[PDB]
């Protein structure tokens, strides 16, 4: 049941490291999970549905980590505050590169994946805008751009930049430099008067 479902998910994540979803068959997933093809269909309608579930788990893992971080007052300087927050995503997605990559590609062909991604981006944007708003209320950040618009561009930068780095795209920021790069751009853009 749950163990059979978990074995399917684990197999899918494992095979995605090696090849794209299109190059993975239901037969591959069932065999890896130690089940027959018909029993696979009991747990999932398609290999696409398996990817959706994997992505859902990873996105919720990131979201929960951000919540935990948020629940702390975490006595710190402003640059470190944003660094720890960006790090949640760098580490969570960076620890699930195959799922991240496959998940992003599926946005084009799956309305469900597209909606899932959109939902969490909206959530993460709203949270960053709320923190920017709090910083401004405190007198720590200047009232420059609309906070929500600023948050949107910064989050979209992170999406494109982190994922290009993890995939080793040309061009991309080296994975070992991407955290410092994004932190600099967040801190200067949020706190910079100009």
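Positions refer to the first chain, counted from 1.
S.K.: Quick one: higher average CA temperature factor, 161-169 or 27-35?
M.R.: Per the deposited B-factors, the answer is 27-35.
S.K.: When the Cα temperature factors in the entry are averaged, is it 185-193 or 4-12 that ends up higher?
M.R.: Per the PDB entry, the higher value belongs to 4-12.
S.K.: In the PDB entry, which of 88, 111, 121, 99 has its C-alpha at the highest B-factor?
M.R.: Top of the list by C-alpha B-factor: 111.
S.K.: Taking the values straight from the PDB record, which of 145, 69, 59, 151 has the highest C-alpha temperature factor?
M.R.: Highest C-alpha B-factor among the listed options: 69.
S.K.: How does the C-alpha B factor of residue 107 compare with the rest of the chain: lowest, middle or highest third?
M.R.: Ranked within chain, residue 107 CA B lands in the middle tercile.
S.K.: By its CA B factor, does residue 46 count among the lowest, middle or highest third of the modelled residues in the chain?
M.R.: Tercile = highest for this residue's CA B-factor.
S.K.: When the deposited Cα B-factors of this chain's modelled residues are ordered and cut into thirds, is residue 140 in the lowest, the middle or the highest one?
M.R.: It falls in the top third of the chain.
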